[PDB]
Ligand SMILES: Nc1nc2c(ncn2[C@@H]2O[C@H](COP(=O)(O)OP(=O)(O)OP(=O)(O)O)[C@@H](O)[C@H]2O)c(=O)[nH]1
Ligand SMILES: Nc1nc2c(ncn2[C@@H]2O[C@H](COP(=O)(O)OP(=O)(O)O)[C@@H](O)[C@H]2O)c(=O)[nH]1
Ligand SMILES: [Mg+2]
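Protein chains in written order, with full-length UniProt numbering: chain A, 160 to 181; chain B, 1 to 426; chain C, 47 to 207; chain D, 1 to 37, 47 to 437.
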């Protein structure tokens, strides 16, 4: 599965932002 | 007063105990250099339960760290709160238990016996009266399973009229590190049923899965994995150091849970575990915790209690909260989960109002429960034993250090005789 | 907040009024350019709207604070002379600070400050007491309708109190 | 306490409800991070201390508008997984939204309405906002409506559906979606209000005197109408009428629950300066065919039930005079078996204004909801328009290969035709 940068909307993007910003 | 003696056993036990001594320390408000900070009677009046003085006002935990390899203990001095422990309380192994129960219990662990008794008796008899013990160890490897179950086989017959709670980390059906799985799991558990007071089952495979829906994060490190355990580690003994409207202790918790001496394996869980998106959006109250802790999907063990049936349940609520909202709300869950509870015991639960909330949270609950749902997890370990024991596989390393084919077959016979009461108490 | 200092505003006959001289009056920033074919066609309709609306009444209803985005002082005064209402001198940095406060600039964004949208020349914006925008008169916006957008003006609820 | 639950299905349901929820939070004065700087209880639940969370679900199978709200201004107003997004659109089909891609999302949405309705007793009803024109709005909307109909049997459902219009459809398969959607929307919803598109667009042209508004002003006007309809639920007034006492007045027969609506005055800053709007003339402008938001002329229709809820400072004396003026008007016709066809409701609080919208604030306004016979030609146009493309099987292979059967097209023919004959037998 392709995992992307936290600033794109794929899977749970909402808190790929908040606990661990990238 | 009432003293609890903590033991870190194995690599998993050392790492899971490090996080628990971090969460207890800041719950009492203590800087990791030993100085108390936080200015409250109610978190300092009972500090001798877990800690000891140091004639400077410094508090050192009543914890001994024991491990046959020097690797993961060097990591806990290197990590945070590593200065908190006593240097004498560490005991070293310079060889490294290579995933074998035989050198854990019989051969290589025998020369570490004369040092581990001299440090656990030194901490025990220094107080006026001991209450219980509390160890953390995993059944997967060698220095946690074999070297840990060697502790239970000796501490009981020298302190007979006391208790202990062992938090055993149990292996997985799906994922498998530590490729010699069923031999270490079975060799620890047949000792553990005979000679341990209660066992809390902690499952890594399932606690990834709580971390995948209710805490739903993509990159689970071993840190917050142990932090979710340390919540229910703390909540099961919160009233030993804290007052409450209806109190609870470990000795009471055993008396009103275990009906017969050969079943003492308990589920464990902590509520609330609210998602990060859902943090502000829960006006947290007693009705929504009760459905969260009577929720099968939120159990730290990898057993579904829909198939099983709760023999006796228990809940240590924590915080400023109403007491009849415990009472008739659990009468509602008996009247709705009629088939999920045993019919020859009415009022199957504990209520216990630990009057002190968790660290930062207004109100919570810690669920521990004697369930017959563990029979499916105990029989897959049994057939994992038999599948690899018909082919005699991975036995030469065991037998070279004084094992026997005979002693393996009462390990499976005590395994089958352990499962046996569970499906005929259904 | 004192949005306009003492030597800020500049009405006709080359005299100065401070901020205090505009109470109870519907004040609006006209951001304009001399060379823009938008503003050349839009200015006569502001001349008709400001004059007739104010003549029709026993009170003074609307002011227009002109802010310039021209090139030099000669182009400043040339477009100023065709215009009776209030203005601000270009060389004063007060024009710059309310230019960035209201996002009305002239496509040099990355060399200076480089934020985003510009919504440049022309625009007239009615403002409240504390430098907050009161409404957008939609000349070139999502509505993008010029020469008639002055009819959206709401001269009872946008006062400089 | 007593509460109400909203549901938004389809993209048209999404930003219509975006216009609704900004206006509900504007009326209560709550800063939309939750904090206020008990009339909000029915539309907002208390969370923690000072925070309020909307009682609604957002639901659309593409994330292009669901994640737009999520990243938008109200990220901290709407709870993040109150919003449900799918993975693929229904491709302007009833069939995909009802059969294949609807399974994965209705099981989550049913879990969300159970968690949102089990918190308190005294639920009034449901507020479904959807589009008949939407493939997801009719597709996933109908599967949702029938499941909540069987489960929640005796609870009412206010429905707001964006009906297709005679001139524009902005879809070629549009009348195919319309026939099948009302085939099952007839028997599961309890009440549905019919909203066309360029009737509201012509409203924005004529009395709102703006020549090119967007979906902004299409959604401001729908937000005013629902808010004045539910103004009795939140805010106290002289003569309050609730959800359970709308079907008793407007629905004489269980077959007929489709009706028009209008809101007056529709004015800007040019009109509040120049024209006085009294009780006797705002009801005449509300009964004007120009203000109709289904572009149906009621002169060849016949009114049979009307609820005239006035929002703002009005008295029972002058509203009874305005009612008597409408009855004495010769052009407006009533049905002979309903001598009483006017049920006025009275509130006290003034209608709000969205800052930046074209509307000027007015402190007495009329929302009026009217079941009539005129709906028959609106739907019979829809039946005739569908029959030309059903002559030689236009766009039917997408539906057939999806999983429905040819014959569900034909069953929807006599059920809409039964609704046609039902309209002309009550109009006698
Ligand atoms: N009243 C109103 N209707 C709208 C608005 N936007 C779209 N619609 C209606 O929505 C119908 C079609 O649905 P779409 O907007 O394309 O999106 P959808 O509801 O998710 O359905 P799909 O087309 O399958 O994606 C059109 O016929 C429009 O009439 C709006 O802003 N206001
Ligand atoms: N909860 C937790 N489990 C662990 C950790 N490290 C290892 N484990 C689990 O423990 C198993 C390995 O047993 P381990 O204790 O490391 O072997 P030992 O060193 O010989 O006692 C693996 O299957 C892991 O899933 C940890 O830090 N936390
Ligand atoms: Mg859509």
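Note that CB positions come from ideal geometry on N, CA and C, so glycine has one too.
Does residue 306 (chain B) come out as helix, strand or coil in the three-state DSSP assignment?
coil
Give the secondary structure of residue 292 (chain B) by DSSP, where H, G and I count as helix, E and B as strand, and everything else as coil.
helix
Are there 16 or more other CB atoms within 10 angstroms of the CB of residue 31 (chain D), so buried, or fewer, so exposed?
exposed
Taking residue 203 (chain B) as part of the beta strand (DSSP E), name the residues at either end of that continuous run.
198-203
Residue 277 (chain D): which of D:121, D:219, D:405, D:27 sits nearest, CA to CA?
D:219
Let me know the secondary structure DSSP gives residue 31 (chain D) once reduced to three states.
coil
Could you give the first and the last residue of the continuous beta strand (DSSP E) run that contains residue 394 (chain D)?
Taken as a continuous stretch (DSSP letters only), residue 394 (chain D) belongs to no beta strand (DSSP E), being part of the alpha helix (DSSP H) at 384-398.
Verify whether the separation of the beta carbon atoms of residue 195 (chain B) and residue 163 (chain B) is less than 8 Å.
no
Using the beta-carbon count (16 or more within 10 Å), is residue 190 (chain B) buried or exposed?
buried
Check: residue 226 (chain D) C-beta below 7 Å from any heavy atom of ligand 1
no
Looking at C-alpha atoms only, which residue of B:373, B:8, B:345, B:338 is the closest neighbour of residue 421 (chain B)?
B:373
Can you pull out the residues from the segment 67-80 of chain D whose beta carbon lies closer than 9 Å to at least one beta carbon of chain A?
72, 76, 79, 80
Could you check which residue in D:296, D:363, D:159 has the C-alpha nearest to that of residue 306 (chain D)?
D:296
Given residue 206 (chain D) as reference, the closest of D:22, D:177, D:256 once Cα atoms are compared:
D:177
Please determine whether the Cβ atom of residue 11 (chain B) lies at a distance below 7 Å from any heavy atom of ligand 2.
yes
How long is the line joining the alpha carbons of residue 363 (chain D) and residue 148 (chain D), rounded to whole angstroms?
33 Å
Rounding to the nearest angstrom, what Cα-Cα distance links residue 156 (chain B) and residue 106 (chain B) in this structure?
18 Å
Taking only runs of the alpha helix (DSSP H) that begin and end inside the UniProt domain "Tubulin/FtsZ 2-layer sandwich" (246-383) of chain B, which ones reach a length of at least 4 residues, in chain order?
250-255, 286-293, 324-336
Should residue 139 (chain C) be labelled buried (16 or more other beta-carbon atoms within 10 Å of its own) or exposed?
exposed
Which of helix, strand or coil does DSSP assign to residue 78 (chain C)?
strand
In three-state DSSP terms, what is residue 102 (chain C)?
coil
Within the continuous alpha helix (DSSP H) that includes residue 293 (chain D), where are the two ends?
288-295
According to DSSP, is residue 106 (chain B) part of a helix, a strand, or is it coil?
coil
Is there a C-beta anywhere in chain A that falls below 8 Å from the one on residue 89 (chain D)?
yes
According to the neighbour-count rule (16 or more other Cβ atoms, all chains shown, within 10 Å of its Cβ), is residue 109 (chain C) buried or exposed?
buried
Can the beta-carbon of residue 291 (chain D) be found closer than 8 Å to that of residue 217 (chain D)?
no
Please go through the same chain and pick out, in chain order, the residues whose beta-carbon is closer than 8 Å to the beta-carbon of residue 321 (chain D), but skip the five residues on each side of it.
356, 357, 358, 359, 360, 371, 372, 373, 374
Report buried or exposed for residue 161 (chain C), applying the criterion of at least 16 other Cβ atoms within 10 angstroms of its Cβ.
exposed
For residue 155 (chain D), I'd like the list of residues in its chain whose CB is within less than 7 Å of its CB, leaving aside the five on either flank, ordered along the chain.
193, 197
I'd like to know if residue 59 (chain D) contacts chain B, where contact means its C-beta is closer than 8 Å to some C-beta of that chain.
no
Check distances from the C-beta atoms of the UniProt domain "Tubulin/FtsZ 2-layer sandwich" (246-383) of chain B to those of chain A and list, in chain order, the residues that come in under 9 Å.
275, 276, 277
Rounded C-beta distance between residue 32 (chain B) and residue 65 (chain B)? I'm assuming under 8 Å.
Not confirmed; about 16 Å, so no contact.
Tell me whether residue 8 (chain D) sits in a helix, a strand or coil according to DSSP, three-state version.
strand
Relative to ligand 2, is the shortest distance from any of its heavy atoms to the C-beta of residue 15 (chain B) smaller than 7 Å?
yes
What do you reckon, are the CB atoms on residue 270 (chain B) and residue 199 (chain B) nearer than 8 Å?
no
Partners in chain D for residue 197 (chain C), counting only beta-carbon separations shorter than 7 Å
279
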